[PDB]
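# Coordinates in review
Residue-level listing of the chains:
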Amino acid sequence: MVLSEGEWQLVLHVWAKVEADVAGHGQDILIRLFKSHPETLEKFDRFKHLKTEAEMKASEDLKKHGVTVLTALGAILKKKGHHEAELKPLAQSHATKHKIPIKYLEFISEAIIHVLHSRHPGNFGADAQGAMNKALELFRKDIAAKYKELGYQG
Ligand code: HEM
């Protein structure tokens, strides 16, 4: 699939707001993912012991990881589709080391959309959400294809 420049503009415009508070957005997103789909927490041996949302909010470690996730995703989005180099090491670690099924990438995509909708209503109308969903679908499709080449296609 291919996004138009207009679609990328909508995506990068709301992402510029996200970048005003990367740690806060990273936290909200990972917590939303863990509350909505608790099974995903089992993949993080580093966080698997967090029992409540209160514990999650208090975790400095979870917060640092959220920053790592959003910084990596932001670097990919800013490439506007030319992200093959950035995708390679990410696909390799998630397919071979962490073993993250595509289904879980759909779950985090949903969490990202939920949080942007909640925090940025004025910059995340229907068209902007459609563009963000298209950018994340492209990301998932490309990661899925890499998974297959790497022998996982999980
Ligand atoms: C927007 C999608 C995601 C991005 C951009 C992303 C990015 C990253 C980055 C950059 C790292 C550190 C380097 C590495 O190991 O590759 C990482 C580690 C990891 N990721 Fe992801 N990730 C994503 C989704 C997921 C999902 C949905 C899961 C699990 C349900 C997951 C589980 C893990 C685990 C288990 C680690 C290692 C954490 C640790 O022990 O330090 N990732 N991810």
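Positions along each chain are numbered from 1 by the written sequence. They may not match the entry numbering, and residues without coordinates are not shown. Hydrogen atoms and water are omitted, and side-chain values are computed over all heavy atoms in the structure.

The protein is annotated in the PDB entry as MYOGLOBIN from Physeter catodon. As stated in UniProt under Subunit, the record for the protein gives "Monomeric." Recorded in UniProt under Subcellular location, the annotation for the protein is "Cytoplasm, Sarcoplasm". UniProt positions are given in the numbering used here, feature names are shortened, and annotations may be inferred rather than shown by experiment.

### Re the packing of helix α2 (residues 22–36) against helix α6 (residues 102–119)
Geometrically, a packed helix pair is captured by the angle between its two axes and the distance between the axes. Simply put, an axis is a line fit to the C-alpha atoms, just over the touching stretch for a helix, and the angle between two N-to-C directions goes from 0 to 180 degrees. Per the convention used, a helix needs a DSSP run of H or I reaching at least four residues, while a strand needs a run of E reaching at least two, with both numbered from the N terminus. Here α2 crosses α6 at 125°, and the two axes come no closer than 9 Å. Between α2 and α6, the angle is such that the two are oblique. Crossing geometry of α2 relative to α6 is assigned as right-handed. Along its contact with α2, which presents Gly-24, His-25, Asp-28, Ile-29, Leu-30, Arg-32 and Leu-33, the element α6 presents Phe-107, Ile-108, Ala-111, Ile-112, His-114, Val-115, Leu-116 and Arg-119. For classification purposes, an angle smaller than 35 degrees is called roughly parallel, one larger than 145 roughly antiparallel, one from 65 to 115 roughly perpendicular, and anything else oblique. Handedness of a crossing follows from how the near helix is turned relative to the far one, being left-handed for an anticlockwise turn of less than a right angle and right-handed for a clockwise one. Contacts: residue pairs with any heavy atoms within 4.5 Å of one another.

### Considerations on the environment of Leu-30
Within the secondary structure layout, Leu-30 lies in helix α2. For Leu-30, a relative accessible area of 3% puts it in the buried group. As a C-alpha pair, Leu-30 and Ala-111 span 81 residues in sequence and 7.7 Å in three-dimensional space. If sequence neighbours within four positions are ignored, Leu-30 has contacts with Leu-62, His-65, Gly-66 and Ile-108. A 1.4 Å probe rolled over the protein chains alone gives each residue an accessible area, and that area as a share of the maximum for its type sets the label: buried under 20%, exposed over 50%, partly exposed in between.

### Re the packing of aromatic side chains
Ring pairs are drawn from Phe, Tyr and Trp, using the six-membered ring of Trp, whenever the two centres fall within 6.5 Å, and their geometry is named by plane angle: stacked under 30 degrees, edge-to-face over 60, tilted for the rest. Considering all chains together, one arrives at 4 aromatic pairs under this definition. With a centroid separation of 5.4 Å and 75° between ring planes, the pair formed by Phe-34 and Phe-44 is classed as edge-to-face. Placement of the pair is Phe-34 in helix α2 and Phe-44 in the loop between α2 and α3 (53–58), with a sequence separation of 10 residues. Residue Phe-34 is classed as buried on the basis of its relative accessible area of 3%.

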